[PDB]
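What follows is one chain in structure tokens, specifically the form deposited without ligand GDP.
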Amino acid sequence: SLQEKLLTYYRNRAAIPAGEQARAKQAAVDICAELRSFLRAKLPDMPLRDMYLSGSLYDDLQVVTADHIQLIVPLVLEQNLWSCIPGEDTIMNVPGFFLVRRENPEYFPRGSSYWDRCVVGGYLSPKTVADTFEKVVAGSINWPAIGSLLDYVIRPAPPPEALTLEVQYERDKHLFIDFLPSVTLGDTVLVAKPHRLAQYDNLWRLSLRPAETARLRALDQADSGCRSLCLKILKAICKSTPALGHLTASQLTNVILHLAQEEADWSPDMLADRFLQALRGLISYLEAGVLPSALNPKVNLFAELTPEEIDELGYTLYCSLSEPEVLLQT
């Protein structure tokens, strides 16, 4: 049955062995500690809360192999000196992105904040804040020496991933660590990440992952449902299948959250049914060219995909509907 094929696939392909996940997490802590030391010694004036490791490896959502960690760099902004503006209220008109503006510029003149060095025309530039950390990934830190010292091979990821480090942590296993400079203004948390395409690159991105995955975890906690299990299977398919790799975890997670709004029953025996509904739902969003965020409905999660990527994704999924088991090949 598709049901038993999906559970087999989960067990043998999607689930990451415990050993690699433990070893990857050590590598991340060591890198984070090396970065802590470097910033203490070289950028002591820069105000930061404690950096910490985040993402799907920390909330049991990573699949296939332990290869991706987010290192959150929480910058501290003075709450009276900075405000944020939702992109849809700016002339850029970009939902899910924000400008950050310097406030009280006369009363607290230029220099009253460290972050005044990153201001461009009165706004806190995510490009200038990212560039300050891109200098670290690209190598103001001596990663060869650190790597010899830790027994890892550490190097910058290839372009355009300028805030990402590749870390070979065991023979034959690698990890990508993304350094995410983050600011928090009231209850809004924003991240600077370089983007391919100026429209997004110029603005701070609203962090969506923690709220999306908290919704999913709450839904499953209440009924021990299979929503996460269905998500992980979809992630492992996309990770394992070259055409489908252009789908993101955030996109797949919102497909599942939209389905959880329509279907109350996610008991273990509904996995097969829900898996097929997810495929069909992805097809429908791809044909419309819009996947609204379940948490922020103005944001189109397909906005950054090109139209040919969208057409070719839709085709691959249409080809799989008659025999969905083929998506479980690796």
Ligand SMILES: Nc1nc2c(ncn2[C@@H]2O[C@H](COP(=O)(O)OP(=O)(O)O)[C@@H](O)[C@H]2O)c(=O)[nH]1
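For every residue, the number given is its place in the sequence shown, counted from 1. Take the two forms, find the largest set of C-alpha atoms that superpose within 1.5 Å, and that set is the rigid core.
The protein also exists as the form deposited with ligand GDP bound; that form is not presented, and the subsequent description refers to it.
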| task | Would you say the site is open or blocked once ligand GDP, modelled from its placement in the deposited bound form, is overlaid by superposing the surrounding C-alphas? Use blocked for 3 or more ligand atoms within 2.4 Å of a backbone or C-beta atom. | result | open
| remark: The listed residue (74, 156, 210, 95) that reaches within 4.5 Å of ligand GDP in the deposited bound form by any heavy atom is 210
| field | Selected contact from 129, 137, 256, 180, since only one has a non-hydrogen atom within 4.5 angstroms of ligand GDP in the deposited bound form | value | 180
| Should residue 293 be classed as touching ligand GDP in the deposited bound form when contacts are defined as heavy atoms within 4.5 Å? | no
| query | How about residue 216: is it within 4.5 Å of ligand GDP in the deposited bound form, going by heavy atoms? | reply | no
| According to a 4.5 angstroms non-hydrogen atom cut-off, is residue 193 in contact with ligand GDP in the deposited bound form? | yes
| task | With heavy atoms only and a cut-off of 4.5 Å, decide whether residue 36 touches ligand GDP in the deposited bound form. | result | no
| query | Quick one: in the deposited bound form, does every one of 23, 164 and 173 get a heavy atom within 4.5 Å of ligand GDP? | reply | no
| query | Using a 4.5 Å heavy atom cut-off, which stretch among 275-283, 36-44, 260-268, 66-74 contacts ligand GDP in the deposited bound form? | reply | 66-74
| Answer among 137, 208, 252, 94 for the CA shift between this form and the one not shown that reaches 2 Å or more, rigid core superposed | 137
| message | Quick check: residue 44 between this form and the one not shown - does its CA shift reach 2 Å or more after fitting the rigid core? | response | yes
| query | Can we say the CA of residue 149 moves by at least 2 Å between this form and the one not shown when the core is superposed? | reply | yes
| request: Tell me, please, whether between this form and the one not shown the C-alpha of residue 64 is shifted by 2 Å or more, with the rigid core used for superposition. | output: no
| note | A change of 3 Å or more separates this form from the other: in the deposited bound form, the C-alpha atoms of residue 76 and residue 137 are closer
| request: Taking the shown form as the reference, report whether the CA atoms of residue 136 and residue 69 lie closer or farther apart in the deposited bound form; the distance changes by 3 angstroms or more. | output: farther
